[PDB]
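**Student:**
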Amino acid sequence: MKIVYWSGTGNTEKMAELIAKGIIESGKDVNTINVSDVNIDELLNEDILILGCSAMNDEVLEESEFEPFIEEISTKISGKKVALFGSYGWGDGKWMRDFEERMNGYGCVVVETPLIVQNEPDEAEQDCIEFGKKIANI
Ligand SMILES: Cc1cc2nc3c(=O)[nH]c(=O)nc-3n(C[C@H](O)[C@H](O)[C@H](O)COP(=O)(O)O)c2cc1C
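Its first residue numbered 1, the sequence shown is counted upward by one per residue in the deposited numbering.
1) How about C128 and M15: do their beta carbons lie closer than 8 Å?
2) Check whether the region 30 to 49 touches the region 116 to 126, counting contact only when three or more Cβ pairs, one atom from each stretch, lie closer than 8 Å.
3) Where does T113 land, buried or exposed, given buried means 16+ other C-beta within 10 angstroms?
4) So, using beta-carbon positions, are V38 and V4 closer together than 8 Å?
5) What did DSSP end up calling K2 once you bin it into helix, strand or coil?
6) Taking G91 as the reference, give the member of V35, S26 and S54 with the closest Cα.
7) Just checking my contact of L18 with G52 at CB under 8 Å: how many whole Å lie between their CB atoms?
8) Is the beta carbon of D29 within less than 7 Å of some heavy atom of ligand 1?
9) Taking the alpha carbon of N137 as the point to measure from, which residue in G8, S26, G10 and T9 has its own alpha carbon closest?
10) For the beta strand (DSSP E) that contains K134, what are its first and last residues?
11) Using alpha carbons as the reference points, say which of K21, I135, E62 and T75 lies closest to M96.
12) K133 and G22: beta carbons closer than 8 Å?
13) Under 8 Å between the Cβ atoms of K94 and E67?
14) With distance defined between alpha-carbon atoms, name the residue in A20, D98, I40 and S64 nearest to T75.
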């Protein structure tokens with residue numbers, strides 16, 4: 001499997017790592033890829049797309065790298081299964097509600113409730129691992 005993410009200070013990156021650990025613990029292999037190093041063609045062959053991005057202003061996906069990536073794959077992901085996650089600070093998850101709506105709008109099937117954690121995982125570490133385990137059970 002593959003996990004693609006954008007992280008500005010490392011919070012979402014840490015989540016990606018933990019999610020990967022859960023998939024690996026379930027017996028499967030997974031590679032975490034920063035959005036800047038992703039190859040669209042290879043990503044599009046995947047059964048499930050696991051995508052993560054922290055909340056940027058104002059309650060939107062990161063604009064210089066992540067959003068362009070999403071816009072680029074938008075027309076080629078109808079029917080694909082996707083799992084969403086990300087870290088946020090002061091909001092209540094609005095950016096993720098929108099991200100979920102957007103992906104559904106492109107024809108994707110959002111397989112699980114998006115995982116959102118405030119700031120660094122730390123206390124939510126097991127939650128991240130468990131989310132990975134749920135995806136591996138799909
Ligand atoms: C410029 C900027 C704008 C932000 N806007 C929001 C926002 O609208 N809502 C929110 O909850 N957090 C907001 N945050 C906080 C980040 O989502 C939060 O610090 C998160 O933990 C960053 O994760 P990352 O290290 O993976 O980037 C913003 C952070 C930055 C740097």
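All C-beta atoms in this analysis are idealised placements derived from N, C-alpha and C, irrespective of residue type, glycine included.
**Tutor:** Judging by the given coordinates:
1) Contact flag set, yes.
2) By the C-beta criterion, the region 30 to 49 is judged not to be in contact with the region 116 to 126, since fewer than 3 inter-stretch pairs fall below 8 Å.
3) Counting Cβ neighbours within 10 Å, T113 comes out exposed, since fewer than 16 surround it.
4) Result yes, Cβ atoms of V38 and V4 sit closer than 8 Å.
5) Reduced to three states, the DSSP call for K2 is strand.
6) Looking from the CA of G91, the closest CA among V35, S26 and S54 belongs to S54.
7) Not confirmed; about 11 Å, so no contact.
8) For ligand 1, not one heavy atom lies less than 7 Å from the Cβ of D29.
9) Nearest of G8, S26, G10 and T9 to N137, Cα basis: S26.
10) No beta strand (DSSP E) contains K134, which is instead part of the alpha helix (DSSP H) from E125 to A136.
11) Taking the Cα of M96 as reference, the smallest distance to any Cα among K21, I135, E62 and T75 is reached at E62.
12) By the CB criterion at 8 Å, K133 and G22 fall inside the cutoff.
13) Going by C-beta atoms, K94 is not nearer than 8 Å to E67.
14) Minimum Cα distance to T75 is reached at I40.
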